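# Structural description and commentary
Each chain, written out:
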Amino acid sequence: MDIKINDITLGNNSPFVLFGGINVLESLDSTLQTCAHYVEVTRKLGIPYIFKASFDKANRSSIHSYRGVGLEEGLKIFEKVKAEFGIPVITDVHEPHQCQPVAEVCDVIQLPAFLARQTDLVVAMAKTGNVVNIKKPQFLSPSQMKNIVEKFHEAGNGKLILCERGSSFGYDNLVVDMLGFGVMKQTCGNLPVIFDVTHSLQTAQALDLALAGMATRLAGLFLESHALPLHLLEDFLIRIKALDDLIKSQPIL
Amino acid sequence: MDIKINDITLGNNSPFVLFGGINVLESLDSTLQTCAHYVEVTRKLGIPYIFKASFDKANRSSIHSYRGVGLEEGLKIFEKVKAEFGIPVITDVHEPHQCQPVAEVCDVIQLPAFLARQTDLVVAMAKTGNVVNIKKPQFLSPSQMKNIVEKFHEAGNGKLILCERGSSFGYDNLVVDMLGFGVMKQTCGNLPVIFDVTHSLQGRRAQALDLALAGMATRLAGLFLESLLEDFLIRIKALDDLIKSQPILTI
Amino acid sequence: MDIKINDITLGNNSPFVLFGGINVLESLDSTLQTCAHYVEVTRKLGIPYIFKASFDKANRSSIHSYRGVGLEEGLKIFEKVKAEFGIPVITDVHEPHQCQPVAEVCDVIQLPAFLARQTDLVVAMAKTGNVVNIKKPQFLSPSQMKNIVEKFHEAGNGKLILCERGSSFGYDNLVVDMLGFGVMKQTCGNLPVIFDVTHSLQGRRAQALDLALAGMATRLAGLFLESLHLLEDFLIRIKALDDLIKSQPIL
Amino acid sequence: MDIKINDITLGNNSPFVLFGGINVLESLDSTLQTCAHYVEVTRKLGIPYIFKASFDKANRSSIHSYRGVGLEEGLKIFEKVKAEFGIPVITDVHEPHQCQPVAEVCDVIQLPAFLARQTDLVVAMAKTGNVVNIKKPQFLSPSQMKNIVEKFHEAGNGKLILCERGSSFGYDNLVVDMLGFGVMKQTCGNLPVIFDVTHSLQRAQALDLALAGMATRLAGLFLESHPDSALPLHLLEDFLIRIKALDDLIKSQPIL
Ligand SMILES: [Cl-]
Ligand SMILES: [Cl-]
Ligand SMILES: [Cl-]
Ligand SMILES: [Cl-]
Ligand SMILES: [Cl-]
Ligand code: NA
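### Points about the overall build of chain B
From N to C terminus, chain B includes nine helices and twelve strands. Projected onto its principal axes, the C-alpha positions of chain B cover 50 × 40 × 40 Å.

Given below as structure tokens:
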């Protein structure tokens, strides 16, 4: 199943879509600057692009840690990103009441991995009618992703993206099961599957891991820069596009 | 560090406390009925008991599974349980705004494992000043509990219980690391540690018994059941009495 | 099923047997010194005791590294231990050809965890007719122990002990699944199950104590270990817990 | 670091080498027919090819399932394969005494993963001076491979290949950590790294896993087929076409 996001066709047999951006919104000017680098690089490379950022870091290690600009500022910054660049955007939501107002602005709304079993958040997200990015919890097997998809379907929203971010591997370490992509395709109605390489690394390896995941034939790549050094983005993406073009050119089977 | 909960002393050197009850509150009649059975068994063996139920469960098996009776009626039911049986109670909260009114009634407030990192909820819970049960995520190592504890401390509350529920072991399976209890005690200032055996298992009674006995062998403040019962508790109490009556290793 | 080893009765509803000694045999006199200590401690505590040692270090730090006394002298040393102390002994074997000569001297022959699938070693060990300790591989599920037991049974030996030594938990780490003990009993015909706490352990004295206590809480035939008076402090506590558990009827 | 195996160059920057064959040597004529198919397909696609089989499978499903033709007959069969097709061969050894006779015939000798820390076998293998394929144990981290390599180096052999076969993931299951390839390259002096996809499993799965691995820039791919977890022999060509496509792309771009 493909999903149209404005003029972008997102699908597991379509050219890969870059979901790219930053950890958290910090100011308008820094956001616009970073986003302009992404747009410029992806435009020239011919890669469909969706800008990513959180408006709030809800689970930092200290109650005093900087959390980003917050929701009201955040949606103001997103509105300007959309106006200036004409691209879709994606952000995460942490509380049910945030969903509809966030969804008025942000094209794709994201269910954080920790909150996949917050059933009222699922319901509130589904009710917006927006495209949804479901972050696969590190504690959830690829065959059980269907359980989350089921909930969204029962709540009336079938515009769902499945986002790999690694699986718990002993303590304080993650492993990406390259077979999980295919399991998710087979068991969740071939919904778009994307790969968050950035959060998968938590514990030069970013390129190798990204290439490996995209070799399994995926709708998109999800990443953050500062995270990849921003100036390496073009060279990084040249590689990814080379591999994606090759895989997508091969008949399935 | 011990925590007084009404007449109960909760601590890793104290007789173990049983936490148990029902999944979600339906009605006063239904609640008092189940609570009465736990109360009768625990009173028969002299085991301290805290009744558990959810008034509004956000982590449900299905979208339309009953969440519980809700805040207003749920707290009335809890008030009744406390009055009738003279026991403390425990309930989970998932909304920051719910922490304060819940804390007027519920002796212990529980932080769901999936929300254990959610700063706004932690702060809202801390600010109640109530005893808090921190459920350890299956994806967090025991040495990361100190960070959650630290956030409660920042927000002004040190009346904290750490609750083991298992750790992710490949796909689907949970394993309980018996060494994790000690790691939590050493890094978190010997706070009360309790063992959620029921959720550690995601026949079944025989499994639960072995696992409960193994955990309680490590010297724990409590045992947590979302869950015959007399036979089980006799065995737990026997082991717990033996263990707690011996001094900790000499240094 | 119980196994008689001289006058020791080994089984899951009998008083636990200690399997203890040293990593690798180095010299007769240090061997006799160490064995003397275990014998003295276990005797005065009333615990049956089997002395353990390897005649060879199969995985060595360097290709030049020590290695141990080797089979020839190793068996000399075991002969003297048995003569001096009148106790049974246990050693591991790594090559099928070693099995019959080692079994002439050593009461229990041990299948190393990493060789548990070496079918020729399995067969060679079974052919000796000796008591066999099967070390559970750290990759193998407890239910799959029945496959190794089956091979020993087809090869004509049912005098088998199953030995827990932890399961792989991410990289460079082990966890002991306390539910595995019961699975092995249920699926392998209640053969004796013992717990290698030493190798399960990927301050640390209290870790080993907690872990041993948790395992022995599941009702086991024995404990396998290596070593101010820490052995007796440890064993006093293990014995007290084992005595309790073995006095309760099986549920 | 590259290794020359007859006229094949094996290395992490070279066109991938296929290490392909069967589980257990059972026979002469069937072995030759299977090998002939591997040869025909690999020659058609221009892919360097090394035939694989065990003559003595020590890890068996039952105590009396056939171990294989054994040392002397196995080596005779390998000699015939080499004579008939002009290709190198690879086999495994489980005992120090087997090392010399096997190394005299076989172009690569393989250290079984479960034996990879057995110092006596490591030394006996090293001292052959033969090219060695070291299977990474499923219970061993990628950063620990340098310790096996060190032991080979101490015994005088540096012609070493490191072979991924997955890591233990919960019970009775494996996952392939795609980051481990790079860890092994960086910590083990960029020795050739190869990927045993067959034993990493437990197929469209085989193809996905193989492509993911080869995307990380590897010296070779290790697999088994069945003449009628092993790939169907008649689908070999389609499979290798897809692998070759990705390998040729990756290898044609400079490392970033
Ligand atoms: Cl994110
Ligand atoms: Cl997660
Ligand atoms: Cl959890
Ligand atoms: Cl092989
Ligand atoms: Cl292995
Ligand atoms: Na050779």
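What follows continues from the structure just given.
### As for the overall build of chain A
Looking only at helices and strands, chain A features nine helices and twelve strands. Here the C-alpha radius of gyration of chain A, 17 Å, is about what a compact globule of 253 residues would show, namely 18 Å. Seen through its principal axes, chain A has C-alpha atoms that stretch 45 × 40 × 40 Å.

### Concerning the side chain of A:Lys52
Residues and elements named next belong to chain A. If you trace the backbone, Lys 52 turns up in strand β4 (residues 49–54). Engagement of the side chain of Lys 52 in a polar contact is seen with the backbone oxygen of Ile 22, the distance being 3.0 Å. Ignoring anything within four residues of it in the chain, the contact list for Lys 52 reads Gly 20, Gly 21, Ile 22, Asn 23, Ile 90, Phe 222 and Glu 224.

### Regarding the coordination of the sodium ion (ligand 6)
Within the protein, the atoms that donate to the sodium ion (ligand 6) are D:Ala103 (O), D:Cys106 (O) and D:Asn130 (OD1), at distances of 2.2 to 2.5 Å. A relative accessible area of 14% means that D:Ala103 is categorised as buried.

### Brief notes about the sheet that holds β4(A)
Residue and element names in this part refer to chain A. Strand order around the closed barrel formed by eight strands is β3-β4-β5-β6-β7-β8-β11-β12, with parallel pairing between neighbours. When the angles between neighbouring strand axes are averaged without regard to direction, this sheet yields 25°. For strand β11 (residues 193–196) and strand β12 (residues 220–224), the ladder comprises three bridges, and the chain directions are parallel. Directly across from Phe 195, in β12, lies its bridge partner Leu 221. The strands touched by helix α2 (residues 71–85) within the sheet are β4 and β5 (89–92), with β5 carrying the most contacts at an inclination of about 165°. Along the sheet face, helix α6 (residues 180–187) touches β8 (160–164) and β11 and points at about 150° away from the line of β11.

### Observations concerning unusual backbone geometry
Phi is positive for A:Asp172, which is not a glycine, with a value near 55°. Here A:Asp172 shows up in the loop between β9 (167–168) and β10 (174–175). With phi around 50°, B:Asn6 is a residue other than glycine that occupies positive phi space. Structurally, B:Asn6 can be placed in the loop between β1 (3–5) and β2 (8–10). Residue classification places B:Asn6 among the partly exposed residues on the basis of a relative accessible area of 45%.

### Some remarks on the pairing of strand β7 (residues 131–135) of chain C
All names here are of chain C. Counting buried positions along β7 yields five of five residues, so the element is predominantly enclosed. Every second residue of β7 is oriented toward a common face, with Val 131, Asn 133 and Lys 135 on one face and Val 132 and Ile 134 on the other, all of them buried. As judged from the four bridges shared by strand β6 (residues 108–111) and β7, these two strands associate in the parallel manner. Paired with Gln 110 across the bridge in β7 is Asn 133. Between the parallel elements β6 and β7, the chain passes through helix α4 (residues 119–127) in a crossover that is right-handed. Sheet topology places β7 next to strand β8 (residues 160–164); four bridges connect them, and they run parallel. Each residue of the ladder has a partner; that of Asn 133, found in β8, is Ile 161.

### A word on the sheet that holds strand β11 (residues 193–196) of chain B
Residues and elements named next belong to chain B. The eight strands are arranged β3-β4-β5-β6-β7-β8-β11-β12 in a closed barrel whose pairing can be described as parallel. Recorded for the sheet is a direction-independent mean angle of 25° between the axes of neighbouring strands. Note: strand β3 (residues 17–24) against strand β12 (residues 222–225), four bridges, orientation parallel. Residue pairing in the sheet places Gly 20 in a bridge with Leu 225 of β12.

### Topic: the packing of helix α1 (residues 28–45) of chain C against helix α2 (residues 71–85) of chain C
The relative placement of two packed helices comes down to the angle between their axes together with the axis-to-axis distance. Residue and element names in this part refer to chain C. Between α1 and α2, the shortest axis-to-axis distance is 10 Å and the interhelical angle comes to 35°. In this structure, α1 crosses over α2, and the sense of that crossing is right-handed. Between α1 and α2, the residues in contact are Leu 28, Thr 31, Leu 32, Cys 35, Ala 36 and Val 39 and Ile 77, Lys 80, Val 81, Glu 84 and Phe 85, respectively. Each residue belonging to the contact of α1 with α2 can be placed in one class, and the counts come to eight nonpolar, one polar and two charged.

### A closer look at helix α3 (residues 96–105) of chain D
All names here are of chain D. Taken together, the buried positions of α3 are occupied by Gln 98, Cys 99, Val 102, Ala 103 and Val 105. Down the axis of α3, the buried side of the element spans an arc of 145°, and every buried residue falls inside it. Those residues of α3 that are exposed and angled more than 90 degrees off the buried face are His 97, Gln 100 and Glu 104. Residues of α3 that are buried sit in contact with α2 (71–85), β5 (89–92), β6 (108–111) and α4 (119–126).

### Points about the interface of chain C and chain A
Contacts between chain C and chain A engage four residues on the former and four residues on the latter. Between chain C and chain A lies a buried interface of about 370 Å² when both sides are counted; carbon and sulfur atoms form 76% of it. In this assembly, chain C and chain A are joined by zero salt bridges. Connecting chain C to chain A are zero residue pairs in polar contact. Partitioning the side of chain C that touches chain A into residue classes produces two nonpolar, two polar and no charged.

Thresholds, definitions, all that
Residues numbered from 1 in each chain as written, not as in the entry; some residues may be left out. Chains lettered and ligands numbered in written order. Heavy atoms only, no water. Residues with missing side-chain atoms left out of burial classes, pairs and counts. Helix = DSSP H or I, 4+ residues; strand = E, 2+ residues; numbered from the N terminus. Rg over C-alpha atoms; globule rule 2.2 N^0.38 Å. Polar contact = N/O pair within 3.5 Å; in protein donor to acceptor, adjacent residues only side chain to side chain. Contact = heavy atoms within 4.5 Å. Donors = N, O, S within 2.8 Å, 3.2 Å for Na, K, Ca; no water. Buried < 20%, exposed > 50% of the residue type's maximum accessible area, 1.4 Å probe, protein only. Pairing = 2+ DSSP bridges. Axes fitted to C-alpha atoms, helices over the stretch in contact; angles between N-to-C directions. Right-handed = clockwise from strand over helix to strand, strands pointing away. Left-handed = near helix turned anticlockwise from the far one by under 90°. Nonpolar A, V, L, I, M, F, W, Y, C, P; charged D, E, K, R; others polar. Arc of directions from axis to C-beta. Buried area = accessible area lost by both parts, 1.4 Å probe. Salt bridge = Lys/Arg side-chain N within 4 Å of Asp/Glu carboxyl O.

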